[PDB]
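Using the entry's author numbering, you'd call the opening residue of the sequence shown number 124 and step up by one each time.
Everything below concerns the one structure shown next.
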Amino acid sequence: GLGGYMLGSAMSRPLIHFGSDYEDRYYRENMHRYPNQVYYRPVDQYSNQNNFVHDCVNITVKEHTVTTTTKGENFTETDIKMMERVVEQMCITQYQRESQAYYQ
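See below:
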């Protein structure tokens, strides 16, 4: 269905904290297990951030999980937490960038 969407070219990874130094590696070493892009629609027709991010996270984390399970990989509950937060941060980033270029 992502023909009816947009996909961002490769993004920054933020360095999200979680609460253990163990998790600093469980994120940082593991970055390649989480997406480097996010799927969306632009601010055209869909000027909100809330359901924009929540649906970007739905679409992207679903699609990325399928793309994992079709390769017989899996994700821990912590992996979903990271994924969700990175994916939200990357979506927020893109939307804030295009929103600012609209707010001008």
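Beta carbons are placed, not taken as given, at the ideal position from N, Cα and C, and that holds for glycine.
#### Entry: Extent of the continuous alpha helix (DSSP H) to which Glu200 belongs
Here residue 200 is taken as the residue at index 77 of the sequence shown, counted from 1. Counting along the chain, the alpha helix (DSSP H) containing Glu200 begins and ends at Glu200 to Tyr226.
### Query
What is the rounded straight-line gap between the Cα of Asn153 and the Cα of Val209?
On the sequence shown, position 30 is the one that residue 153 refers to. On the sequence shown, position 86 is the one that residue 209 refers to. About 13 angstroms.
### Message
With H, G and I counted as helix, E and B as strand and the rest as coil, what does DSSP make of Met134?
### Response
One-based indexing of the sequence shown puts residue 134 at position 11. Coil at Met134, not helix or strand.
### Query
Between the region 141-159 and the region 195-208, are three or more C-beta pairs nearer than 8 angstroms?
Yes, since at least three Cβ pairs between the region 141-159 and the region 195-208 fall closer than 8 angstroms, the two stretches touch.
### Local conformation of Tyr163 per DSSP, three classes
As a first step, residue 163 is located in the sequence shown; it is residue number 40 there, counting from the start. If DSSP states are grouped into helix, strand and coil, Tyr163 belongs with the strands.
### Query
In angstroms, rounded to a whole number, what distance separates the CA positions of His187 and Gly195?
The residue labelled residue 187 in the question sits at position 64 within the sequence shown. The residue labelled residue 195 in the question sits at position 72 within the sequence shown. Approximately 12 angstroms, taken between the alpha carbons.
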